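Read off the chains here:
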Amino acid sequence: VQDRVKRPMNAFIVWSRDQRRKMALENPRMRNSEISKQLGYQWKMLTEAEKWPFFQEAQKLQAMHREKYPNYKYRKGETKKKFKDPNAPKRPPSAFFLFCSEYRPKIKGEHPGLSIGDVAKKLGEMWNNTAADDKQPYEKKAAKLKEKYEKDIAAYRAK
DNA sequence: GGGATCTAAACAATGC
DNA sequence: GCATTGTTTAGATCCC
């Protein structure tokens, strides 16, 4: 495990590698902290047009990497929540699931021969049909709850 | 359980 | 190792 196979470098690292070297040239003091600090800054300040193809480098990396190694590979070096976390804070209900809940009684209405779990399948195809603007309110609702959820996970980190 | 998208802790590497 | 932020991973999310 110590000689763990290197995980596919995320797009940030790709950029960081060549950028850091250039930065060392341009910046006279080139302090590790200072170089990297603004380095990450510029990255997130970059345009998505730049991110996309950089992300593709990482995507191709992980694609070949994951298939290459059958068993030996990056395991989630997590921590307490490495296994099934008994008391993980409850995330905001997913927009899809919110829509599913709303249509659940309706689906059985369409066909009086569906198990409650099977009604989700109906939602699945309607999910694609659902207009982005129409589904947006649900997602926003979850996003608002997400802020609340972060407080919950913060409590998890420290009471 | 059930489809079908989602989340957060932790790690991923360069050049000093 | 640092700091930056991105991919990792594997449960997690609805009602009945």
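Residues numbered from 1 in each chain as written, not as in the entry; some residues may be left out. Chains lettered and ligands numbered in written order. Heavy atoms only, no water.

The deposited coordinates for this entry were obtained by solution NMR.

Q: Provide a residue-level description of the side chain of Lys135, including the pertinent values.
A: Positionally, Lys135 belongs in helix 6 (residues 132-157). Here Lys135 falls in the buried class, since its relative accessible area comes to 17%. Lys135 has contacts with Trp127 and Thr130, leaving out every residue within four places of it along the chain. (Helix = DSSP H or I, 4+ residues; strand = E, 2+ residues; numbered from the N terminus. Buried < 20%, exposed > 50% of the residue type's maximum accessible area, 1.4 Å probe, protein only. Contact = heavy atoms within 4.5 Å.)

Q: Let's hear about the protein's contact with DNA strand C: which residues, and what values?
A: Close contacts around DNA strand C come from 26 residues, with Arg7, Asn10, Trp43, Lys44 and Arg91 the closest. Among the atoms of DNA strand C close to the protein, meaning within 4 Å, 70% are from sugar or phosphate groups. Contacts to DNA strand C include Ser36, whose backbone N or O atom sits 3.0 Å from a sugar or linking oxygen. Residue assignment for the surface near DNA strand C shows that the elements contributing at least two residues are helix 1 (11-26), helix 2 (32-45), helix 3 (48-68) and helix 4 (95-110). The leading source of residues in the surface near DNA strand C is helix 2, at 7 residues. (Near = heavy atom within 4 Å. Polar contact = N/O pair within 3.5 Å; in protein donor to acceptor, adjacent residues only side chain to side chain.)

Q: Would you mind going over the protein's contact with DNA strand B in detail, with residue names and values included?
A: DNA strand B sits among 33 residues. The nearest are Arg7, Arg20, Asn32, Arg91 and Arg157. A share of 66% is what sugar and phosphate atoms reach among the atoms of DNA strand B within 4 Å of the protein. Between DNA strand B and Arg4, the relevant distance is 3.0 Å, taken from a phosphate oxygen to a side-chain nitrogen or oxygen of the residue. For the surface near DNA strand B, the elements supplying multiple residues, two or more each, are helix 1, helix 4, helix 5 (119-129) and helix 6. In terms of residues, the surface near DNA strand B owes the most to one element, helix 1, which gives 5 residues. Here the surface near DNA strand B is built from residues that sort into 13 nonpolar, 7 polar and 13 charged. (Nonpolar A, V, L, I, M, F, W, Y, C, P; charged D, E, K, R; others polar.)

Q: Run through the packing of helix 1 against helix 2, naming residues and quoting values.
A: In the contact formed by helix 1 and helix 2, the axes pass within 10 Å of each other and the chain directions differ by 130°. Here helix 2 runs oblique to helix 1, going by the angle between their axes. Helix-helix and strand crossings are classified by hand; for helix 1 and helix 2 the assignment is right-handed. Between helix 1 and helix 2, the residues in contact are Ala11, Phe12, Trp15, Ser16, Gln19, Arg20 and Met23 and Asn32, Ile35, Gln38, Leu39, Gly40, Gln42 and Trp43, respectively. A class-by-class count of the residues in the contact of helix 1 with helix 2 yields 7 nonpolar, 6 polar and 1 charged. (Axes fitted to C-alpha atoms, helices over the stretch in contact; angles between N-to-C directions. Parallel < 35°, antiparallel > 145°, perpendicular 65-115°, else oblique. Left-handed = near helix turned anticlockwise from the far one by under 90°.)

Q: Describe unusual backbone geometry, with residues and values.
A: Residue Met30 is not a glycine yet carries a positive backbone phi of 35°. When you line up the elements, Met30 lands in the loop between helix 1 and helix 2.

Q: So, the side chain of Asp85: which residues are in play, and what are the values?
A: Of note, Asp85 is situated in the loop between helix 3 and helix 4. Buried charge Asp85 goes without a salt bridge, the closest partner of opposite sign being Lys80 at 4.5 Å. A polar atom in the side chain of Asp85 sits 2.7 Å from the side chain of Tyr156. (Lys, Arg positive; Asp, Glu negative; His and termini not counted. Salt bridge = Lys/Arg side-chain N within 4 Å of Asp/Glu carboxyl O.)

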